[PDB]
């Protein structure tokens, strides 16, 4: 079904953010249900949803590493990194904005998984 794709959009897609700063992270992580308890790191992709889906096809993607796909285009992204040493709220975040290639895993031609590890640096 469409459920794993919808999960991916919920955790990793925000088309038109205002801010892209710490307060943006603190709010969107809460809106998307990632603060009970606090997720340690999470990246949102901005812009055109259909360009993200195209990573699963030759239009905007290539094979990457072990059965993943990397985008041909680059995307505006915001990575939210949890501050401090507790998994429990309050969930305070620091934002890192970037323009990056995105790595996904696809199922049935839809992105379902972000390779979140690549956004740990910088």
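Residue numbers count along the first chain shown, from 1.
key: 92-100 versus 78-86 - greater average Cα B-factor per the deposited record   = Looking at the recorded C-alpha B-factors, 78-86 comes out higher on average.
ask   = Comparing 68-76 with 30-38, which has the greater mean CA B-factor as deposited?
value = Stretch with the higher mean C-alpha B-factor: 30-38.
request  = Classify residue 47 as lowest, middle or highest third according to the C-alpha B-factor given in the PDB entry, relative to its own chain.
outcome  = Ranked within chain, residue 47 CA B lands in the highest tercile.
query = Where does residue 110 sit by CA temperature factor within its chain: lowest, middle or highest third?
reply = For residue 110, whose C-alpha B-factor we compare with every modelled residue in the chain, the answer is the middle third.
query = What third of its chain's C-alpha B-factors does residue 20 belong to: lowest, middle or highest?
reply = It belongs to the highest third of the chain when residues are ordered by C-alpha B-factor.
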